[PDB]
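Enquirer: One structure, pasted below without further comment.
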Amino acid sequence: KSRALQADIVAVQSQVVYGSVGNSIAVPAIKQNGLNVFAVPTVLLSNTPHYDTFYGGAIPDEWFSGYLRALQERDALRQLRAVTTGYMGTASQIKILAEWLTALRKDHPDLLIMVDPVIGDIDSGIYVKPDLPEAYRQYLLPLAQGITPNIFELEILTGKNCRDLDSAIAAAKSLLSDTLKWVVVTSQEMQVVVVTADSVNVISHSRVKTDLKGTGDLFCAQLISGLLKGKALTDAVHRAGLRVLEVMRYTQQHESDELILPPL
Amino acid sequence: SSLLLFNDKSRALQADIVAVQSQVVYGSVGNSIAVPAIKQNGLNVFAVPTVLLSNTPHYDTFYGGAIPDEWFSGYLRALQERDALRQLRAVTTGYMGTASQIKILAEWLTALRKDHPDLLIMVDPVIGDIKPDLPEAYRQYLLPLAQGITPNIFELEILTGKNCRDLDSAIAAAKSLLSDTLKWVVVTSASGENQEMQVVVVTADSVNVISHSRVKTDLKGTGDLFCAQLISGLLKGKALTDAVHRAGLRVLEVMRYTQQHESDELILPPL
């Protein structure tokens, strides 16, 4: 009966004027799967910070809080089935996001919250706002149904060394709960490990080291789409991984420094 | 379009258009409707926001604001530094957040014009609603750079300070804005139930008029959509009047479709 626009997903992450990272790549990827999505920016950059220059910044708490609240006040969540989180600007955004999410669950008992704990890697460590980690551990993590950390991020979230697979698995297992259903850990091959309370599925893709950014965001985008379209978890992870590899190939064949989406 | 035949291959994304307007998390106004419409036409575009709102200020609540000058200027500068303008054929302007953004945009444009002689700068003089600052910014900075403008009667009067309450006068004012740079003026007036969309296309050598019938609606963004389809039409070979006519029909088509689905926000049907 609502006359408002609806969406299957609310994607909360970065946005670039130029480039294919955050919602700039996730939205069209999600659209490709035949799903609707409202994108809520956490940062608005001209391009990723990896280039010689970059401009823009974090979306003000008041604006950010307003964007989320507006989706409710506009009654545009009648079809909401998932909320994905990616690159966050500040801890304050995470706390606000968590509060918004806690509020939603009361009306969307089946809401699938998928969070990508973008914090960093092992080379210099945390390449995002220093206060993000604690914010993830305190407010957001407790709400996630699934998470997609890399080794370093799983270590920061669990406070456990995860260099060895068996160690990463135990760490991921220790995170599972009535709320947290799965942990997808990403590690010349790429290792993607799917962990649930009763299983562990290791997926290895022959991947070549690239400088292309946003693949993690593309990954999560294709993953949630698959889960929402009825794909079993592992299959959904594998397909997401394959779509990413495919896009990277298409992009390189296109001789482009930014991800370009081929048809699905 | 870059004239450097000797330029090496750029690996950056390329775009035919750079649309500078508002953006809404929820809704179909500004680039939120223009980008998808442009995409439908098979063109590429870079969206540079002037304001990032939760939705239009027409609803009961709305949040967000104007993009800071530093960010705004940076976004425009980044497009140059990323070398993503080799295919740039046009820059459209819509709702501007502040006069300072207009100055910043204009400076960026003057610079660009030097490397893109074929640049079609199309300006939509969004002034007014249902502030001295904005009108003057347009007159000093953007007006002297535009190749074409799409004002309604009120905006045409504001920019020129002339009375345009009759065909001849409206034409006269539009003609007065023409120059070696300003090639055309598209003035429209919604007569309000079945609102009539009166349109007058004015150039140095001709005057053409278009008239569409429209059902009264609260739908927002139709003007931004019109512009998106206009620039798209022009970039795909359509002659001015033909492009204006088609842009108007496409808008009507989108509005009907929107109503057909009983939506309070524009939704694009196939093209």
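Note: ideal-geometry Cβ built from the backbone for every residue, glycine included; neighbour counts use all protein chains shown. FYI, it's all coordinate maths here, none of it is from the lab.
Enquirer: If the requirement is being surrounded by fewer than 19 Cβ atoms within 10 Å (Cβ to Cβ), outside any strand (DSSP E or B) and more than 10 Å from chain A (Cβ to nearest Cβ), which of these qualifies: B:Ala106, B:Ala111? Write out each step before concluding.
Expert: On the way: B:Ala106 fails: surrounded by fewer than 19 Cβ atoms within 10 Å (Cβ to Cβ).
Result of the check over B:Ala106, B:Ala111: B:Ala111.
Enquirer: Would you mind stating whether B:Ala146 is touching a strand residue (DSSP E or B) at 6+ places or on another chain (Cβ under 6 Å), of a type in the set (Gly, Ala, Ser) and in a loop (DSSP other than H, G, I, E, B)? Working first, answer last.
Expert: Working: touching a strand residue (DSSP E or B) at 6+ places or on another chain (Cβ under 6 Å): yes; of a type in the set (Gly, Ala, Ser): yes; in a loop (DSSP other than H, G, I, E, B): yes.
Considered against the rule, which asks whether it is touching a strand residue (DSSP E or B) at 6+ places or on another chain (Cβ under 6 Å), of a type in the set (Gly, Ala, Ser) and in a loop (DSSP other than H, G, I, E, B), B:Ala146 comes out as yes.
Enquirer: Suppose we filter segment B:220-244 for residues that are within 14 Å of chain A (Cβ to nearest Cβ) and out of contact with any helix residue (DSSP H, G or I) (no Cβ under 6 Å at 6 or more places or on another chain); how many remain?
Expert: 1
Enquirer: Right, another one. Starting from segment B:211-234, take each residue that is within 23 Å of B:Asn194 (Cβ to Cβ) and list its partners that are among the charged types (D, E, K, R) and not in a loop (DSSP other than H, G, I, E, B), counting only C-beta distances under 8 angstrom and pairs at least six apart or across chains.
Expert: B:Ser211/B:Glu196; B:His212/B:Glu196; B:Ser213/B:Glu196; B:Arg214/B:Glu196; B:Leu225/B:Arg250; B:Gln229/B:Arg246; B:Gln229/B:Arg250
Enquirer: If you don't mind, there's one more thing I want to ask. Output the residues belonging to segment B:200-232 that are more than 17 Å from the chain's Cα centre (by Cα) and closer than 14 Å to B:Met255 by Cβ.
Expert: B:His212, B:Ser213, B:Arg214, B:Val215, B:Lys216, B:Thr217, B:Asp218, B:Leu219
Enquirer: Restricting to segment B:139-195, what's the tally of residues that are hydroxyl-bearing (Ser, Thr, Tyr) and touching a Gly at 6+ places or on another chain (Cβ under 9 Å)? Walk me through how you get there before you give the answer.
Expert: Going residue by residue through segment B:139-195, those that are hydroxyl-bearing (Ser, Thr, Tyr) are B:141, B:150, B:160, B:169, B:176, B:179, B:181, B:188-189, B:191.
Filter once more, keeping what is touching a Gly at 6+ places or on another chain (Cβ under 9 Å): B:150, B:188.
Looking only at that region, the number is 2.
Enquirer: Ok, one more. Taking the options A:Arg207, A:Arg239, name whichever one is out of contact with any strand residue (DSSP E or B) (no Cβ under 6 Å at 6 or more places or on another chain) and among the charged types (D, E, K, R).
Expert: The unique qualifying residue is A:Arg239.
Enquirer: Another one. Of the residues in segment B:67-95, how many are out of contact with any helix residue (DSSP H, G or I) (no Cβ under 9 Å at 6 or more places or on another chain), under 17 Å from B:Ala19 (Cα atoms) and in a helix (DSSP H, G or I)?
Expert: Qualifying residue count for the region: 4.
Enquirer: If you check every pair at least six apart or on different chains, which have Cβ atoms under 7 Å apart with a residue in segment B:96-125 that is farther than 17 Å from B:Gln140 by Cα first and a residue that is among the aliphatic types (A, V, I, L, M) and in a helix (DSSP H, G or I) second?
Expert: Close Cβ pairs (under 7 Å, with a partner that is among the aliphatic types (A, V, I, L, M) and in a helix (DSSP H, G or I)) amount to B:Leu119/B:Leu112; B:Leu120/B:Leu234.
Enquirer: Would you mind telling me which numbered condition in (1) in contact with a helix residue (DSSP H, G or I) (Cβ under 6 Å, 6 or more places away or on another chain); (2) more than 19 Å from B:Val251 (Cβ to Cβ) B:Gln21 fails?
Expert: Of the numbered conditions (1) in contact with a helix residue (DSSP H, G or I) (Cβ under 6 Å, 6 or more places away or on another chain); (2) more than 19 Å from B:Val251 (Cβ to Cβ), the odd one out for B:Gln21 is (2).
Enquirer: Taking the criterion of being within 14 Å of chain B (Cβ to nearest Cβ) and not in a helix (DSSP H, G or I), would at least one residue in segment A:245-255 satisfy it?
Expert: So far as segment A:245-255 goes, yes, one or more of its residues are within 14 Å of chain B (Cβ to nearest Cβ) and not in a helix (DSSP H, G or I).
Enquirer: Could you tell me whether segment A:68-89 includes any residue that is closer than 18 Å to B:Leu52 by Cα, under 16 Å from the mean Cα position of the chain (by Cα) and away from chain B (no Cβ under 11 Å)?
Expert: Checked against the condition, which is being closer than 18 Å to B:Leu52 by Cα, under 16 Å from the mean Cα position of the chain (by Cα) and away from chain B (no Cβ under 11 Å), segment A:68-89 yields at least one hit.
Enquirer: How many residues, within segment B:151-171, are of a type outside the set (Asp, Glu), part of a helix (DSSP H, G or I) and under 20 Å from B:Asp224 (Cα atoms)?
Expert: 5
Enquirer: Hey, can you tell me all the residues within segment B:114-130 that are of a type in the set (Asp, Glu) and surrounded by fewer than 18 Cβ atoms within 10 Å (Cβ to Cβ)? If you could, list the steps in order and put the result at the bottom.
Expert: First pass over segment B:114-130, keeping only residues of a type in the set (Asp, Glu): B:115, B:118, B:124, B:129.
Within segment B:114-130, B:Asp115, B:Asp118, B:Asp129 qualify.
Enquirer: Another question, if that's okay. Based on what the data block shows, is A:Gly19 buried (at least 23 other Cβ atoms within 10 Å of the Cβ) and over 25 Å from B:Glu262 (Cβ atoms)?
Expert: In short, yes.
Enquirer: Let me confirm something: among B:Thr56, B:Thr61, B:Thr92, which residue is surrounded by fewer than 24 Cβ atoms within 10 Å (Cβ to Cβ) and closer than 30 Å to B:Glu157 by Cβ? Lay out the reasoning, then the answer.
Expert: Working: B:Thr61 fails: closer than 30 Å to B:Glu157 by Cβ; B:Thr92 fails: surrounded by fewer than 24 Cβ atoms within 10 Å (Cβ to Cβ).
After applying the criteria, what remains is B:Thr56.
Enquirer: List every residue pair whose Cβ atoms sit under 8 Å apart, with the two residues 6 or more apart in sequence or on different chains, where the first one lies in segment B:146-160 and is closer than 24 Å to B:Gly192 by Cα and the second, anywhere, is among the small types (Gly, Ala, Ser) and not in a helix (DSSP H, G or I).
Expert: These pairs meet every condition: B:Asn152/B:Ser189; B:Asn152/B:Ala190; B:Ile153/B:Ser189; B:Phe154/B:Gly128; B:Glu155/B:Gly128; B:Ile158/B:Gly128.
Enquirer: Look through segment A:180-219, keep the residues that are in contact with a helix residue (DSSP H, G or I) (Cβ under 7 Å, 6 or more places away or on another chain) and in a loop (DSSP other than H, G, I, E, B), and return whichever of them is surrounded by the fewest Cβ atoms within 10 Å (Cβ to Cβ).
Expert: A:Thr210
Enquirer: When segment B:10-66 is examined, which residues are found to be under 20 Å from B:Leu88 (Cα atoms), assigned to a strand (DSSP E or B), within 7 Å of chain A (Cβ to nearest Cβ) and aliphatic (A, V, I, L, M)?
Expert: If the condition is that a residue be under 20 Å from B:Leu88 (Cα atoms), assigned to a strand (DSSP E or B), within 7 Å of chain A (Cβ to nearest Cβ) and aliphatic (A, V, I, L, M), then B:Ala47, B:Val48 are the ones that fit.
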